[PDB]
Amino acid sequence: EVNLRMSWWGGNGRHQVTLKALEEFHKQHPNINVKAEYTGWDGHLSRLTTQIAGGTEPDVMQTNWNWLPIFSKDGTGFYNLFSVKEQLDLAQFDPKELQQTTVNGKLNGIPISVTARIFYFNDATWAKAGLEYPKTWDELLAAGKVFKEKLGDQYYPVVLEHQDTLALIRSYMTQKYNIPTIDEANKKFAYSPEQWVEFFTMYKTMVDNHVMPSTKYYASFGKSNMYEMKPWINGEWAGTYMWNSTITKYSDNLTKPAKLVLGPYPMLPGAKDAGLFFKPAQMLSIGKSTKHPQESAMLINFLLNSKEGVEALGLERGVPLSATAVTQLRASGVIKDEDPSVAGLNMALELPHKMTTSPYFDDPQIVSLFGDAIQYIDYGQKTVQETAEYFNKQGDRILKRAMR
């Protein structure tokens, strides 16, 4: 008898397929039981952090790429998957993708899929507005006035949570200036004080121009998951800047026959880089101190490589990196080039994207600080100037703690 625990996050579609994969795995291995621990994204890292701090984390965990510095600065924070290569077919995964999940020579997770935030739009609402999807940053900014006037005050081209906004304005700044956002060598942000003023001024411009809800307006609804909010469901918030790897969590909640459709990616004339936040979407990792590394490795291999596991899991985590899995799903007609998640990935790959985001750009305290910052602007407690200086100062402080 081997008892394993596995955690993951996601929407209920992902919960469904994962649970069904676990029953097959157990059917194939009567001596191995897996206790499933799953939630939505909200608070998931917080809960795992508490487990790891106390040494009680699961045997198998779905993990995020920005968590590697948080838990595994020296690469020993998760079990070294090179040590279980007998059970786990590593050759299915591109070596450059494995490099992204390797730390000090130790393989900390198997990357499941890749992803980038891109624009997806509610086709029903945009048709009502009579507008085509923005092809430029100018058209995005201009869409807000059209939505507000043609459809009504409650209508917005997109909705953006603060993390989405942080990535979006970074993309714009990368297009303009072609420099990394984080200066990893000097453990600090790379932007001049002027560029930070520009960053927050763009936010203010977008809010003023009715592109997306302000934080104050968003709060007036304001606590469920974004994809479960009424103005999302009914099409009033007509788009999202979101991972292709989890786009059905969003599209599944729209009101038929509305669909989420892939939009253009705005590119500044003369930009050398799109400034995508492009990364491994998520990983499967093994607990550092698991008493069952081999059985844990068997479970990962089953989910990511086995015919039954791949079939069960389908596309709920995006387009598989595993060569056998992605071939299988194309062959079964599950992967369709016209599907917004697949099309979104293909568009992103063709965009010039040589700049790779630092994992510290997605440090959760940096992301939280950003939310506080824009809230200061929207609630009239700091000017754009004061907010920029505050973000630069407090962010550099967080980065120093994060990168120690």
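Residue numbers run from 1 along the displayed sequence.
Engineer: Mind pulling up the entry and telling me whether 295-303 or 176-184 has the higher mean Cα temperature factor?
Structural biologist: The stretch with the larger mean CA B-factor is 176-184.
Engineer: Per the record, averaged over C-alpha atoms, which has the higher B-factor: 249-257 or 102-110?
Structural biologist: Of 249-257 and 102-110, the stretch with the higher C-alpha B-factor average is 249-257.
Engineer: Highest CA temperature factor in the entry: which of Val60, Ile366, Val34, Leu45?
Structural biologist: The record points to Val34.
Engineer: Looking at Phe189, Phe82, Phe277, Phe119, which has the biggest Cα B factor in the entry?
Structural biologist: Most elevated C-alpha B-factor of the set, per the entry: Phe189.
Engineer: Looking at the C-alpha B-factor of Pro193, is it in the lowest, middle or highest third of its chain?
Structural biologist: Its C-alpha B-factor, which the entry lists for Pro193, ranks in the highest third among residues of this chain.
Engineer: Would you please rank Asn346 by its C-alpha temperature factor against the other modelled residues of its chain and give the third it falls in: lowest, middle or highest?
Structural biologist: Tercile = middle for this residue's CA B-factor.
Engineer: Divide the modelled residues of the chain into thirds by Cα B-factor and specify which third, lowest, middle or highest, holds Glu308.
Structural biologist: For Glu308, whose C-alpha B-factor we compare with every modelled residue in the chain, the answer is the middle third.
Engineer: Would the CA B-factor of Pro30 place it in the lowest, middle or highest third of its chain?
Structural biologist: According to the entry, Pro30 has a C-alpha B-factor in the chain's highest third.
Engineer: Compared with the other modelled residues in the chain, in which third is the CA B-factor of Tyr203?
Structural biologist: Lowest third, going by the recorded CA B-factors of the chain.
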